[PDB]
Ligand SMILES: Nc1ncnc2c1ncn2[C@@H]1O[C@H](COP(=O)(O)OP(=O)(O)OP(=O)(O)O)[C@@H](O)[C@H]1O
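Listed next as C-alpha cells is one chain, alone, in the form deposited without this ligand.
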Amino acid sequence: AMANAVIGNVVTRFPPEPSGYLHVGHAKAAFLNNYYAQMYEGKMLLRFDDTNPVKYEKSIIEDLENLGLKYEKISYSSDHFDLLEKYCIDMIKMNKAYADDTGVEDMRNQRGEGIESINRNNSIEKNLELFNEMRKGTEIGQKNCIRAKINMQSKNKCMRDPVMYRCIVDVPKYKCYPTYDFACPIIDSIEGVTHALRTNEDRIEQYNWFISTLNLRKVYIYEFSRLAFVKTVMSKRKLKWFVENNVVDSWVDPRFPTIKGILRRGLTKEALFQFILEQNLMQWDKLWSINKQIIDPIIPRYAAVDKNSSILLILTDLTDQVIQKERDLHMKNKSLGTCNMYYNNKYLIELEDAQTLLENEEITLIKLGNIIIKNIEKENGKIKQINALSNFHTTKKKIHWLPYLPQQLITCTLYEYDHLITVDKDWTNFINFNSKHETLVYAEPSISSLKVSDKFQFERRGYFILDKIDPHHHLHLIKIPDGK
C-alpha cells in the first residue's frame, strides 16, 4: 500500500550504506523501491547513507545497473549535515531537544524505567551552549549528546527521548553527527521522498514525530519484510573472515550472497524479481526453480562427457570419415539458431551409461539415431570398449554422446558449489571448507561460440553458466542449481 499515491508524483529512494557490497537482502529493497516508482510513473533516488563515520560506491552502482535499476539522481546523507545542524538548533529553541551528559548504561536504565533525565529541563541557552561544545569537539562536548524531548513515559521506547546528535572525535570536517533516526525523516522530507520504504523490524511513530515537530512536508513509510536465506552468512565480519583466511579467494565468490556472486552463480535478475513478487530465512529451492523455468526455454543445449571415465563406443559399420549435420541449439526454440554436429565411427559415452548395456540391445544416441550394441570389452574388471552397429534410420535408453575427435573436443572444468556453512543460522566450527567440487569434461566443439556469462544446458547433466575462458581454449563453467 502506497498511501495517497499519485501517478507522476511518487518519489522513492534506495539508501544503501557505502560500507560494503550489495547482497540479495539489499536487492529486495532496491527492487521494491523501483517497483513502486514504476507503478506510479515516478522517480527513484539513490542515496548513499553515510550518516556515521566509518569506496564501495562503484560496486553498488555496477550492481544496480546489473539489476536493471535506474535512478534519477545520486545523493549522500552527508550532503545535508549543515541543514541537520540547523534543524537541531531549531529543535533546541522550540524546547524540543536538550543536551544530555548522562552516561550510556545509566541512560539505558533511566529510559527503561521511564524516568526523565536531569538535563531534560535545561534552558534553551544552556542546551545551545552545550551543542556548541559538541560542535567544537571539546571534552565537554564529547561528554554530551543532543536528545529529542518527546515523552519519557510513552509505551513506545522509540518515543522516550531518542538521541539526535552525537559527538564523534575519533574516526575520520564535522565533530558531531546526527543519528540515523534523526537524519532519516529530515533528509527524506528535504529530498522530496513521498514514500520511504524500509524493513518491518517501531520507529514509524518517532519518524513522524520528527517530521511534524519541525513542520516539514509529510513522508509516508511503507514497511516490507527483510529477505534473508538459510545457510547464508551475511554478517560482513564473517565474510571478511572467509576472504582473509583463503576460504574463498574473492568477494565475488559464487558461494557469497553478494549480488555479484549470485549472478556469477547463474541467477537471472528476472528470477529474483519474480521470487520477490511471489514470496525468517527463506529457502533457495523456490528461487532456483523460478530461475530454471525462466532460462530453460531460451538457452542452448550442448553435450559433455566426463573426460576420464568416458568409454569408447565404436560403430563398426561406419568409416572414420567425419560427417557433419546442422542441428538446432534448442529443439523447441528455432530462434536460438543452429549448431554443427560431427560424427564418425568412434564415440565417447558416460561410464554411468556404458555399464548399463548388454549384447544385442537397441538404444538411441540423442540427436543422431539408434544403434544396436553387440559386445562389451572389459579388461581388469572395468569396461574398456563398447562395440555396436549403426541403425540411424521403440527405445527407452536415449543417451548423450560426443564424437571421439580429441583435437576438436573442448575441455572444460565444471564447478559445483554448496553452501559455505552447514547450519541455517565459534561459528567457524560449521564451515564446509570443501564446497567447491570440480570435474573435468569434454564438450561439443560448437560450445566455443559461447561468450562469458552465457547460460546453457548440458544434456542429461543440468544447467551451467560460462564463467571464464582459459588459455589453450579451456572453459570454466559453474553449475546453476535447478531447484530439484
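Heads up: residue numbers just count along the shown sequence, starting at 1.
Gap check for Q279 to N280: 4 to 9 deposited residues are absent from the model. Per the record, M39 and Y40 are directly connected, as no deposited residue between them is missing from the model. As the entry records it, the average C-alpha temperature factor is higher for 134-142, out of 134-142 and 70-78.
The PDB entry records a higher mean C-alpha B factor for 405-413 than for its counterpart among 405-413 and 178-186.
The entry lists C-alpha B-factors for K382, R166, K269, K149, and the highest of these is at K382. Of all the options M331, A304, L214, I124, the entry's greatest CA B-factor is assigned to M331. Per the deposited record, the Cα B-factor of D90 falls in the lowest third when ranked against the other modelled residues of its chain. Annotation for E17: CA B-factor lies in the lowest third of the chain's modelled residues. Among the modelled residues of its chain, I295 has a C-alpha B-factor that falls in the lowest third according to the deposited record. Annotation for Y207: CA B-factor lies in the lowest third of the chain's modelled residues.
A3: CA B factor in the middle third of modelled residues in this chain (values from the PDB entry).
Below, we refer to the form deposited with this ligand bound, which is not included among the displayed structures.
Across the options 26-34, 453-461, 428-436, 66-74, residues that bring heavy atoms within 4.5 Å of this ligand in the entry with it bound belong to 26-34.
At a distance threshold of 4.5 angstroms between non-hydrogen atoms, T199 is in contact with this ligand in the entry with it bound.
By the criterion of a heavy atom within 4.5 Å, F224 is counted among the residues contacting this ligand in the entry with it bound. Proximity of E17 to this ligand in the entry with it bound: non-hydrogen atoms within 4.5 Å are present.
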